[PDB]
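Undergrad: Encoded as structure tokens, here's the structure I'll be asking about.
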Amino acid sequence: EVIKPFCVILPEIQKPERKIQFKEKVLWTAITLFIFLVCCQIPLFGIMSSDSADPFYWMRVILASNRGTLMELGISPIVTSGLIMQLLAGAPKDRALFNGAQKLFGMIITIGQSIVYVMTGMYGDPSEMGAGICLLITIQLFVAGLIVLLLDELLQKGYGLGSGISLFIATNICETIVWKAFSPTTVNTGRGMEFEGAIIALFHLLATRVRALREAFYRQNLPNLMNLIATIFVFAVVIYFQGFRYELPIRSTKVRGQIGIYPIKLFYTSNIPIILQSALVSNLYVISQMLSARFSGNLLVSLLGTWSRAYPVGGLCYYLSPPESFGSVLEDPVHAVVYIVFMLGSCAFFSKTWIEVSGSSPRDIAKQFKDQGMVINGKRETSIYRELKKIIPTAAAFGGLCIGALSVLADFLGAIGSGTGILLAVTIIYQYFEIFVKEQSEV
Amino acid sequence: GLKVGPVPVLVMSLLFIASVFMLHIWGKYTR
Amino acid sequence: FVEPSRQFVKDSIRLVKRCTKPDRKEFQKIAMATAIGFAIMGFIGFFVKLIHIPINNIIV
Ligand SMILES: CC1(C)[C@@H](N(O)C(=O)Nc2ccc(Cl)cc2)N(c2ccc(Cl)cc2)C(=O)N1CC(=O)N/N=C/C=C/c1ccc([N+](=O)[O-])o1
């Protein structure tokens, strides 16, 4: 109860009594993502140097972060606070208190992570900075996290289509893909002035100079056109598999006469297997890198991963890492097989565990059907859970397996954005599209 | 609990961005 | 290990057989919506970054 006095001292977005139509929701979602994008390009003040290694390079994709800028914590405070409060709950006014505690724990996590980032050695030496510079960075990150929570609450309360977390993750992934496809940034080595952007390179190479096509396609130091082709192909395949669904014909027994279709998608858990697997792997990368930086030489740290951008060469983090290129696959086929097996198994296991946990289990769906009077069209009321026990577990496990296979395919093909990134982007965009079609069908 | 809307949130975000920029310009012109 | 795997494969094949594959029209609609959303997000981010690179260089 002592949280409640501190829960009220934080702003809350005004809940719109009248529902907003799709056009204004899309416009405000665009405004929110534009604000986030502007914030993630503005560097912090007081940063002495950014020439050091980046401790959390593996979190910058799943947490929608950006090193050295305002959006450096990204969405980590929101996810951490939400998970903490969900674990506490598992262990009107009630929802207002819940949201206030969400905000309070988000600010606490933001302060803690800002202190950790300041003391971990980046931005320069914390001791040489002084109290003023480190403190100013702390307020900058605190206000940035407050703004992220405000935007997320705006989206959740209704001025936006979905949630801040998914929107920011998808926006960062899409921005990365478009930048690697169209970057005007140029890098020189001696062959000539070459654009980093894959498509920009093609126009530049042809105008500057048949070989040009080979240089633009089979290039190995900057984004390629074959990488973009792989990205487009993975987009198309993930879209095709996302469109998969199982259509149960359900009837109604309470209101005599009401017919509908209950869809059980192939991607039953959506991108949750990808989110869980990628979060686990990235946290393992960060932990292994930090342990190998400090306690280098210990056998346990060596087994957790030996690093060489630092990429693993041996250990658990190495066997959990996608092959660097095709030559990596040929040189170490055992690593490729182990990584494929780990990806598929982890994705399937996470999918089935998530349907058991979240509340989409066949027993829970049968209970929901019983609460609403819905019965399958031909199956008797007795066979409502069984016809769900024959679909939902298999659908969840196979959706996890397929989404893991798509991630492996994207990683092997060399896709810009990577398997996780691309899969997260497609799943989030499809969530927005399905919200759109739901709103249209309601009208 | 101070309740605000979407436009006030946008204004607050833009003014925070402006404040960070003014801090940066202050540093640049005092160096 | 063998029988559970065979059962899982059979169930997966049965489910894929009974799923409702996206038709051309449905696939075209989903692809168009995904392309529009990706274009919006990625190009807004790209333009923001492209504007802020000169601004970042000027300020710092
Ligand atoms: C929080 C954290 C992120 C970490 N963690 O906690 C952190 O912080 N870390 C840090 C802190 C501070 C600093 Cl300064 C730095 C770092 N972790 C962990 C784990 C395990 C262990 Cl054992 C530990 C931990 C965890 O998990 N986490 C998370 C991760 O990783 N990821 N996430 C992702 C999500 C996504 C999503 C959501 C939703 C969505 N949608 O889409 O809707 O999507």
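Chains as they are written, first to last, in the entry's author numbering: chain A, 7 to 97, 106 to 223, 227 to 325, 334 to 468; chain C, 65 to 95; chain B, 7 to 66. For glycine and all other residues, C-beta sits at the position ideal for the given N, C-alpha and C.
Which of helix, strand or coil does DSSP assign to A/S269?
TA: Note: A/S269 maps to strand in three-state DSSP.
Undergrad: Cβ of A/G206 within 9 Å of Cβ of A/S197?
TA: Not a contact, by the Cβ cut-off of 9 Å.
Undergrad: Going by the beta-carbon positions, is the gap between B/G48 and A/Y457 smaller than 9 Å?
TA: Result no, Cβ atoms of B/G48 and A/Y457 do not sit closer than 9 Å.
Undergrad: Please state whether the Cβ-Cβ distance between A/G425 and A/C372 is less than 9 Å.
TA: In contact: A/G425 and A/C372 (Cβ atoms closer than 9 Å).
Undergrad: Answer with yes or no whether the minimum CB distance from C/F80 to chain B is below 9 Å.
TA: Closer than 9 Å: no.
Undergrad: Alpha carbon to alpha carbon, what distance is there between A/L43 and B/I46?
TA: Rounded to whole angstroms, B/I46 to A/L43 spans 12 Å at the Cα level.
Undergrad: Pull up the CB-CB distance for A/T75 and A/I123, whole angstroms please, since I reckon it's below 8 Å.
TA: Not quite, the Cβ-Cβ distance comes to about 19 Å (not below 8 Å), so this is no contact.
Undergrad: How would you label A/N241, buried or exposed, when you count the other beta carbons within 10 angstroms and need 16 or more for buried?
TA: Answer is buried; the Cβ neighbour count reaches 16.
Undergrad: Taking only beta-carbon positions, decide if A/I454 is within less than 9 Å of chain B.
TA: It does; some Cβ of chain B falls within 9 Å.
Undergrad: Cβ of C/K92 less than 9 Å from any chain B Cβ?
TA: Chain B, which has a Cβ nearer than 9 Å to the Cβ of C/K92, makes this yes.
Undergrad: Would you please verify whether the beta carbon of B/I65 is less than 9 Å from any beta carbon of chain C?
TA: So, interface residue.
Undergrad: In or out: A/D166 buried (at least 16 other Cβ within 10 Å) or exposed?
TA: It counts as buried.
Undergrad: Beta carbons nearer than 7 Å to chain C: which residues of the region 26-59 of chain A have them?
TA: Under the 7 Å Cβ criterion, the region 26-59 of chain A contributes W34, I37, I41, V44, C45, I48 and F51.
Undergrad: Mapping DSSP to helix, strand and coil, what is A/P83?
TA: It is helical.
Undergrad: Going by beta-carbon coordinates alone, are B/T26 and A/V451 separated by less than 9 Å?
TA: No, they are not a contact pair.
Undergrad: Going by the C-beta, is A/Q127 closer than 8 Å to any heavy atom of ligand 1?
TA: Flag set: Cβ of A/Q127 near ligand 1.
Undergrad: What residues match up with A/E264 in a beta bridge as DSSP calls it?
TA: DSSP lists A/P280 as partners of A/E264.
Undergrad: Could you tell me the boundaries of the alpha helix (DSSP H) in which A/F252 lies?
TA: Where A/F252 is concerned, the enclosing alpha helix (DSSP H) stretches over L242 to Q259.
Undergrad: Starting from B/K55, follow its DSSP beta bridges and name the residues at the other end.
TA: According to DSSP, B/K55 bridges with nothing at all.
Undergrad: On the DSSP bridge assignment, give the partners of A/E208 in chain order.
TA: A/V201.
Undergrad: DSSP on A/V338, reduced to helix/strand/coil?
TA: The answer is strand: DSSP assigns A/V338 an E or B state.
Undergrad: When DSSP labels each residue in this structure, what does A/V362 get in the three-state scheme?
TA: Here A/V362 sits in helix by DSSP.
Undergrad: Would A/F156 and A/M91 qualify as a contact pair, given that the criterion is a beta-carbon distance under 9 Å?
TA: No, the pair does not count as a contact, with Cβ atoms beyond the cut-off.
Undergrad: Under the rule that 16 or more other beta-carbon atoms within 10 Å means buried, what is A/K463, buried or exposed?
TA: Counting Cβ neighbours within 10 Å, A/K463 comes out exposed, since fewer than 16 surround it.
Undergrad: From which residue to which residue does the alpha helix (DSSP H) around A/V192 run?
TA: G178 to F196 is the extent of the alpha helix (DSSP H) around A/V192.
Undergrad: Take A/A361 and list the residues in its own chain whose beta-carbon comes closer than 6 Å to its own, dropping the five residues that flank it on each side.
TA: Within the same chain, A/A361 has close Cβ partners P348 and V354.
Undergrad: Between which two residues does the alpha helix (DSSP H) carrying A/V400 extend?
TA: Run containing A/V400: none in the alpha helix (DSSP H); it sits in the beta strand (DSSP E), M399 to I401.
Undergrad: Beta-carbon of A/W193 versus every beta-carbon of chain B: anything under 9 Å?
TA: For A/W193, the answer is yes, since a Cβ of chain B falls inside 9 Å of its Cβ.
Undergrad: Could you tell me which of A/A195, A/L169, A/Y63 and A/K404 sits nearest to A/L33, measuring between CA atoms?
TA: The residue with the shortest Cα to Cα distance from A/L33 is A/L169.
Undergrad: From what residue to what residue does the alpha helix (DSSP H) around A/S141 run?
TA: Segment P140 to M143, the alpha helix (DSSP H) holding A/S141.
Undergrad: Using C-beta distances below 6 Å, list every residue in its chain close to A/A391, excluding the 5 sequence neighbours before and after it, in chain order.
TA: Correct list, in chain order: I409, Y410 and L413.
Undergrad: With a Cβ-Cβ cutoff of 9 Å, do A/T270 and A/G398 count as a contact?
TA: Yes; because the gap between Cβ atoms is below 9 Å, this pair is in contact.
Undergrad: Are any of the Cβ atoms in chain B nearer than 9 Å to that of A/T445?
TA: No, no contact with chain B.
Undergrad: Here's a check: name, in chain order, each residue in its chain whose Cβ is nearer than 7 Å to the Cβ of A/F234, leaving out the five neighbours to either side.
TA: Excluding positions up to five away in sequence, the list reads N241, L242 and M243.
Undergrad: Please state the DSSP three-state secondary structure of A/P22.
TA: Three-state result, A/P22: coil.
Undergrad: Listing by chain order, which chain A residues have their CB less than 9 Å from the CB of B/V54?
TA: Those are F40, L43, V44, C46, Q47 and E189, listed as they occur along chain A.
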